[PDB]
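Enquirer: got an experimental structure here, sequence first:
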Amino acid sequence: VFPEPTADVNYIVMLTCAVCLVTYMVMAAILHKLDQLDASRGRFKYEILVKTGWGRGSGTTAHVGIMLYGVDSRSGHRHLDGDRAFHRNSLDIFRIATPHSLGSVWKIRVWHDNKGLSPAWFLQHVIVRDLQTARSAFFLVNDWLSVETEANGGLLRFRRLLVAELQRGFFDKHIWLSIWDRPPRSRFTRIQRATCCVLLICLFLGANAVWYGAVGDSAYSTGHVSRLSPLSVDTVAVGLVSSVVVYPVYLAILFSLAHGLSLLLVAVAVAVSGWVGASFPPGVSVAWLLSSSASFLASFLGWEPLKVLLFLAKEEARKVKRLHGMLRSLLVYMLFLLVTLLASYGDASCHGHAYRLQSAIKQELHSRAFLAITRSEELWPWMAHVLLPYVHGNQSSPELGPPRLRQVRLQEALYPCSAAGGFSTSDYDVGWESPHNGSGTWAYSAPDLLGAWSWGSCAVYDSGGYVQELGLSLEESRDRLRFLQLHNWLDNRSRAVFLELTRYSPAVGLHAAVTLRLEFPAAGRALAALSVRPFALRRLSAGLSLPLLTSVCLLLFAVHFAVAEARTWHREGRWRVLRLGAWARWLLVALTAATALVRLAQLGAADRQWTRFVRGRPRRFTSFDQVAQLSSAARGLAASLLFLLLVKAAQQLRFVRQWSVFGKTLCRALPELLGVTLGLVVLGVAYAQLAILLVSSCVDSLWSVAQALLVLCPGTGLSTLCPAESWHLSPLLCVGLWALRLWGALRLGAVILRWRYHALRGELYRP
Amino acid sequence: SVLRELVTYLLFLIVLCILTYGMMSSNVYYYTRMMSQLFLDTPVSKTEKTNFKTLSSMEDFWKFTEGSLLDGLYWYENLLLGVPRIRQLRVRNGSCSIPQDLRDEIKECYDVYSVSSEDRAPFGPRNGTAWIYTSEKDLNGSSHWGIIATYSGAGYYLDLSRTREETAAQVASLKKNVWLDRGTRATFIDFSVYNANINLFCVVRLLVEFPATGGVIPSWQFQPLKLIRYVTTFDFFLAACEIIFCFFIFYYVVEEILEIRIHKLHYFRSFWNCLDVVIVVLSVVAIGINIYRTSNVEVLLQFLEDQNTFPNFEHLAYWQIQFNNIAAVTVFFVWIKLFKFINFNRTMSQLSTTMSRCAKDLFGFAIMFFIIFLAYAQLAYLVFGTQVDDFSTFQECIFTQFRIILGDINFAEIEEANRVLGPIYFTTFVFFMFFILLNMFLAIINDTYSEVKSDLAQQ
Amino acid sequence: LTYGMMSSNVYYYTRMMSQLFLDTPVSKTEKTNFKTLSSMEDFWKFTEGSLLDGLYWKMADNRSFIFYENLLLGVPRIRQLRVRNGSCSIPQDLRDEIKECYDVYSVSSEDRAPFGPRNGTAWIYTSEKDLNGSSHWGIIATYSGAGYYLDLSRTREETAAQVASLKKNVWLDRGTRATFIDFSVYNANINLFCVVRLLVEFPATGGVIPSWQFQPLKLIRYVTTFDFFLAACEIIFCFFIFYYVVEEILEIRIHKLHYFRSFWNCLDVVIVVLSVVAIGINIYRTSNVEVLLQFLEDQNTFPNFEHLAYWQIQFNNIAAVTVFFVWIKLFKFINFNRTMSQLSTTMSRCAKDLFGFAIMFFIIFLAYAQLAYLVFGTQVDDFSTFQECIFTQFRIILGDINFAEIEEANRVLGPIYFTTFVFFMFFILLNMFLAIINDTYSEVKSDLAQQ
Amino acid sequence: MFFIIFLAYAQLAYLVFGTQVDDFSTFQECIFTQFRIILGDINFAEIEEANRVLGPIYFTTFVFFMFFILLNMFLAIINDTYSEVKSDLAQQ
Ligand SMILES: CCCCCCCCCCCCCCCC(=O)OC[C@H](COP(=O)(O)O[C@@H]1[C@H](O)[C@@H](O)[C@@H](OP(=O)(O)O)[C@@H](O)[C@H]1O)OC(=O)CCCCCCCCCCCCCCC
């Protein structure tokens, strides 16, 4: 099978492959670090006397250790050498540097070493009662045995032989949980395990993509992918067969220079994954991802137990501990990065088509001819010219519902943006207020519960107002518009018009929410606003779409971080201030929770509104503006989360020894930069006030000296300034910042940073 | 210790901020656009596109003075406030010395405008006052300081009427008997408006300069005035703020005279005391201008109903301009004095000591920088002075050099005017400003900062 | 060699043609030109209007000299691409409200059936092989070399009739995705061909996107003595490249088997690879002028000079990059005193630290770029793609931006993005580079002075 | 060295854009355009459509190397020389 003649791109597979490769590279580097650290060197242990002089006759070079076969620590016997080096008729009394720690249970084992003559002395044990953890006992058999025969005990039957074997090898060849549980000097280099695990995960994903993309017609022909609801029937039997078919080939390498022959396999596997997995619809891609995840989980829980049945010393120990902590943090943080990338970048082609579609829609509605208006009566010919033919003409084949037009009365019509009060709520008959039989022919049409707050220029509205259906066909629409025109509809009160219909585009699969709104500050004056929000109508009821999976993963990450940080926050109690720290963690959890909540809200709103529209098509409006706004908010929150994670990635680069100076320099120079920032803010405020006071006094005859030194925000010249409705703050801030930049005044940071960097570099290499 | 001093100064600062905010939003600047656009942007007639902004001859000016002027002066919807006046200044025939090499064809010569060459003889039909000389004293006039020359207050004037039916007739009469000969060198038009729709005043001045080389150079200036009275509560708040500011500056000058009385031996060796004295002198001149305009704004309401007498209202506009320009620099200096006071922590102490210990060196290098700057400006004036229109005058050359430093270069006409020595000048100027000279300030600051940090560390 | 190729002003040759075709209004009343097409009717006005006026000039059906000097070679050809009706997926909830659907352009979705008055070659699909074409890579997508083509006439009176007949029997439906126009001119006064291509893309969402391509070529090289001099220089350059190849091969054979940690050997191999690629392209494009011979046999046909122009452009790009790197290699010899030696040592010793800081600088740069792409991407027109975001940020560094447009798109998170970007780029990132450079320069100068 | 790099960039710009921009039509015009680039007085709507690749690469690399490397090197030389001269004259 050779599918996908088209040249579309599925970003899921390439993004996951890139994340996996980067994780492999950084883990390989850190494991090479750990490799050379461990090679440079290669509480159960007590610090009491171990003198056993109750026997003799065993004078020989003997040096054996003990095995603390307990919980959280599985280490074998070690070796040591003293002054006498175990001379004749001498028993060594010393301690070993064994980092294994045992508990208060019957878990203790000691080995023996008899090189040459058999042992004759009886060394009972090391006399210790309570030194660090009291994980030893001053009593043993102390009986002679054969060569290299260690006496058993607590604090040959098969029921005791293989039971103890499941404690020293259970954390030895448990491939997933073996990078941080490797015994000293095991001939696997601790990186071939990483190589094999990355090989196998690559194979798992690759085989799943091949099955979902190429071999999908033999058994389930004519659309094999038809199931998305998780009911333990889908994606549960999918990764199992892949694991079964690619696990023996793993056993071929696990039993060498297999890394050189395995990098080629990784390359070809990722190439195939990018080749066949590119033509995946959203359901197929999420099904593939869940199948791979299920395969990994089953291998970690079902296949791993299957084959297992068959003084600076404290400084080095804490170094090892923090290295393992860094590895765990790296894995969890990179999984979070993958999740947030899949949450953010799922609609890239959608994004480009959205820009192009909104631009086309804007130019087809005469945006320039609508915003640049100054006559409030040319709007009727405008809508009868460029709106009705747009809606009902053959140019717009997809419509998705009729338009609507709702106006607010406000009930205190102004006398010729200010001087506003409350809003009308009552009903009015044909013409205006005239209740004869029942309710007004122009009813209030109470605002909907969800979807409102357009947040205009000098007002904030809602979804309520006296609506007009504008008919369905062109002929009745003209009659309705002339009726409203010459029947006193907008004549008297005229708060707002709120024209909105919809837009669909099946070629790109996007909807667009188009809104036309006029605000009337005073009678005989009008200003117009245009907004076009394109979005994809993805529903909650559609099944197991990628947004849902990414959102639930993000919520799990949020609760994980919340509990992990609150655990330390509650231990400290109060007075946990003066650092970014916990506050930064609160910011992170707030962002990663809002991202999921807004996405779920968007999905639910989309589903509810689509069902409401399907109820009656040519009957209502259904108002997809709420869905568009929720989509935009979710996109912004995801972008902010990805920004924060990328900044954290940049910060975490300090672990290179020669590159650790930049972060320290910035952190130590922060107070001086803060002082200079305060001075610059004062100077910029003074400059902005001077500039505004000089520029807002006359036309073209301002002055001669100042305008040769007067700096404004880029893109706006010296001609059009001073907007007579509101003195906006953001352009003033831009003017201040750019005048600060252009007059120098931002290179004093260089003055401070040079001194700080030169001081830091002199304390890093010289000592 | 300095808590009250800081407190008094902070109180003084908020008063200035409130006054500026009250002054920043007078809703006048919109009005001055929409009042200047009536005269300087409306075509003379339905046929031609020419307007006062783009005058180019004498015939179009004659068209303008009967038309786009009367059309916009009698019909936003401002109205008249008296009688306007038209005046001209002119030179006399035979003011030159034509070279004897070619005199058989050049019979008449008129020099550029000057007091020595000004014409005083009665020209044309001596029927009215526009055909006879009246001195500067008899017109209560002053200098104007135009574009190509400075003009006195004398000349040949004629006050127009209040009804367009007669103003058009008299301007047509002045056009018939040729009034703008070859010797005419300038022409002024002035009047005043009310615009009863919104309570706000304005005085206008329109100038047309006739160079000796042919053509016209149109110039204009619009300056509104305010007749603010007790209308709303915000006005009362602003007036109370102005009064308390007057009392506060009175107290401040009392403390200043005390300071100069007890510490008269040394008061100009510090940079801040000079700031205080310039602030107080700017404040006193600003309040003097304010009280002068407040006293003199009541005189002008006599012309609102009907008076056939030209109102001389140019000094008010001049002093309003000066008042605004003084207020701007005053508030800037007050904010800098605020910038002085931040010396609380050790970090700000180090920053302030660094900025204070490198003042003489920065001033010393300013001299070299400006020597090079003015050498380049003089080169640009001598090369592009006749062609580019951005370098036509020395101060305009300096302004263009400052704009170029801020990246507002044109380089189109610079290269067109002189294909060589123009590009050379531009490239050398950019290279030396942006890479070499402007980095000496930073070098001085950096070395001073290093010295200050080392001195404190060893202390 | 390179500046002989960049000979006397051909810029005016290109400018005359581009001004004649792109900037000429489509008709006397309308102000629309080819650069500002907005719909299909604009394209039909342009084809019957400014195109025919700019193509055919007057003096039996004689040739047309475009500026009385540029000779129109043969006939021009117009070609379009289409997609199939019902080539997408439409929801089942609207299958009675929406009837017809056309996907975006793809080789798997293109129409291949006869349509309309199926008489000539304008209404019948012709393969890429049968058209001797190739892929174009327009703005939206990479189009094919096939489609529905028509060959125009040698006179105005017949091309006008052909285009009118194409317009009556509707030739541009909603399925149209592109339209090409090709022709070539000679201008014998100098020896230089010009190959023109005009492309108009119709995106699936509506609208029109025009583009153009004017390329001068020289295909009859050996005419004057300067051409013989250039040929001799070409031979000399090939000899130099052979000598450099053999020298670097013998110096990498045994001595210094690694050979790559010098940055001058790397520059040498980069120059050699670019030079041999340029030589190969030149050999395999000049040796194939068989299209010119085919045209010269019969000059009433369409001259197929598209691949020649494409390979000329590729050769120009390679030559420009090679000249850049050869000029950069001049730093290997400017060590005649101590002042240049210490500066070169400073740069060499600061590269290792500036790379480490530039990693962080570019990570933050890309974080800002992706945030801008995700937030302002659908609205601003300057952030529509990731590369455009990077270009816009580099322009913002220069101050070449319009803050009003990025503020209107999002009144909050627009000003925050702009202000924070400017502040942190100019106050923090631009000064750490200075700190590192100054520290390393002072260190090396002091070390040399002390020793 | 600054001018060696500057002239290399000018030569590349002349060879790439020299036929279609009007700001790179001659070598001297290429040099003038570059000094004008530093001031942010460019279009980039005609550089990018003249050559979609190798045009943006040109602009990005030129901006990066002008602003982040060579300007800081000039300032470093000036700073170090000023400090050394002041220290030596003061101590002598
Ligand atoms: C999220 C939403 C997105 C929206 C847009 C949001 C935009 C946000 C853009 C971010 C750019 C990141 C830079 C690179 C980070 C790095 O590369 O590095 C970070 C570095 C981390 O430091 P680090 O991890 O390496 O190492 C430490 C180092 O060992 C010792 O500092 C330690 O302590 P010490 O021994 O000193 O006691 C300890 O701090 C360690 O953590 O720190 C630091 O704070 C960095 C300090 C920055 C300097 C700010 C100056 C504000 C001016 C006032 C501002 C007012 C300005 C506004 C005016 C408009």
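Expert: Looks like it arrived, so ask away. Numbers count the residues shown, from 1 in each chain, chains lettered A, B, ... in the order given.

Enquirer: how far does stretch B:159-175 sit from the chain's center?
Expert: With C-alpha atoms, centre = their mean, to the nearest Å as the basis, stretch B:159-175 stands 32 Å off its chain's centre.

Enquirer: an error on my part: the question was meant for stretch B:92-109.
Expert: For stretch B:92-109, the distance to the chain centre is 38 Å (C-alpha atoms, centre = their mean).

Enquirer: what of stretch B:53-67?
Expert: On the basis of C-alpha atoms, centre = their mean, stretch B:53-67 sits 25 Å off its chain's mean C-alpha point.

Enquirer: now do stretch B:229-245
Expert: Centroid displacement of stretch B:229-245 relative to its chain, using C-alpha atoms, centre = their mean, is 29 Å.

Enquirer: for residue C:149, helix, strand, or coil?
Expert: Classification of residue C:149 by DSSP: H, G, I helix; E, B strand; the rest coil places it in strand.

Enquirer: just to check, it is in contact with residue C:124?
Expert: No - using C-beta atoms under 8 Å, residue C:149 is not in contact with residue C:124, being 9.6 Å away. For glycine as for every other residue, the C-beta is placed from the backbone atoms N, C-alpha and C.

Enquirer: please name the nearest non-neighbouring residue to the residue in the stretch 601-750 of chain A that the ligand sits nearest to.
Expert: Closest contact between the stretch 601-750 of chain A and the ligand, by C-beta to the nearest ligand atom, is at residue A:663 (2.4 Å). Among residues not flanking residue A:663 along the chain, residue A:654 sits closest, at 5.2 Å (C-beta to C-beta, 6 or more residues apart in numbering or on different chains).

Enquirer: what residues are up against the one you found?
Expert: By C-beta atoms under 8 Å, 6 or more residues apart in numbering or on different chains, the contact set of residue A:654 is A:660, A:662, A:663.

Enquirer: tell me how many other residues crowd the second one.
Expert: To tie it back to what came earlier, the one meant is residue A:662. 23 (other C-beta atoms under 10 Å in any protein chain shown).

Enquirer: just to revisit the earlier point, neighbour count winner among residue C:149 and residue C:124?
Expert: Between residue C:149 and residue C:124, counted using other C-beta under 10 Å, residue C:149 has the larger neighbour count: 20 against 14.

Enquirer: leaving out chain neighbours, which residue sits closest to that one?
Expert: When the adjacent residues along the chain are set aside, residue C:149 lies closest to residue C:79, with 4.0 Å between them (C-beta to C-beta, 6+ apart).

Enquirer: again with residue A:210
Expert: Here the residue nearest residue A:210, using C-beta to C-beta, 6+ apart, is residue A:276, at 5.5 Å.

Enquirer: distance check, the one you found against residue A:500.
Expert: Going from residue A:276 to residue A:500 by C-beta to C-beta, to the nearest Å gives 44 Å.

Enquirer: and if you look at residue A:320?
Expert: Counting by C-beta to C-beta, the separation of residue A:320 from residue A:500 is 64 Å.

Enquirer: ok, now residue A:365?
Expert: Residue A:365 is 12 Å from residue A:500, by C-beta to C-beta.

Enquirer: show me the common contact partners of these two, please.
Expert: The contact sets of residue A:365 and residue A:500 overlap at residue A:514 (C-beta under 8 Å, 6+ apart).

Enquirer: neighbour count: residue A:320 and residue A:500, which is higher?
Expert: residue A:500 (20 against 15).

Enquirer: isn't the more buried one up against residue A:515?
Expert: Yes - with contacts counted by C-beta under 8 Å, residue A:500 reaches residue A:515, the gap being 4.6 Å.

Enquirer: shared neighbours of the two, anything?
Expert: residue A:625.

Enquirer: who touches stretch A:182-195?
Expert: Defining contact as C-beta under 8 Å, 6+ apart, one finds that stretch A:182-195 is touched by A:24, A:27-28, A:31-32, A:34-35, A:38, A:42, A:74-76, A:172, A:175, A:178-179, A:256, A:258-259, A:262.

Enquirer: which residue ranges form the helices in the stretch 201-350 of chain B?
Expert: Using DSSP state H, counting those that start in this stretch, the helices found in the stretch 201-350 of chain B span residues B:233-262, B:271-296, B:315-340, B:346-357.

Enquirer: what angle do the shortest one and helix B:271-296 make?
Expert: Pointing back at helix B:346-357 there. Relative orientation of helix B:346-357 and helix B:271-296, computed by axes from the mean of the first three to the mean of the last three C-alpha atoms, to 10 degrees: 80 degrees.

Enquirer: then the longest one?
Expert: What separates the directions of helix B:233-262 and helix B:271-296 is an angle of 130 degrees, with the same axes, to 10 degrees.

Enquirer: state the helix or strand in which residue A:208 lies.
Expert: Following DSSP states H and E, one finds residue A:208 within helix A:192-213.

Enquirer: and the helices in the stretch 201-350 of chain A?
Expert: Taking DSSP H, counting those that start in this stretch as the criterion, the stretch 201-350 of chain A contains helices spanning A:238-254, A:258-276, A:282-298, A:304-309, A:313-344, A:348-364.

Enquirer: out of those, which gets nearest to residue C:285?
Expert: helix A:258-276 (31.8 Å; C-beta to C-beta).

Enquirer: and the closest one, which residues are buried?
Expert: Going by neighbour count (16 or more other C-beta atoms under 10 Å in any protein chain shown), the buried part of helix A:258-276 is A:258, A:259, A:262, A:265, A:266, A:269, A:270, A:272, A:273, A:274, A:275, A:276.

Enquirer: show the contacting residues for the spatially closest residue to the fourth one that is not a sequence neighbour.
Expert: By that I understand residue A:265. Among residues not flanking residue A:265 along the chain, residue A:199 sits closest, at 6.5 Å (C-beta to C-beta, 6+ apart). Residue A:199 makes contact with A:250, A:253, A:262, A:265, A:266, according to C-beta under 8 Å, 6+ apart.

Enquirer: mind running it again at 7 Å?
Expert: Residues near residue A:199 by C-beta atoms under 7 Å, 6 or more residues apart in numbering or on different chains: A:262, A:265, A:266.

Enquirer: pretty sure the last one contacts residue A:200?
Expert: It stands for residue A:266. No - using C-beta atoms under 7 Å, residue A:266 is not in contact with residue A:200; the gap is 10.6 Å.
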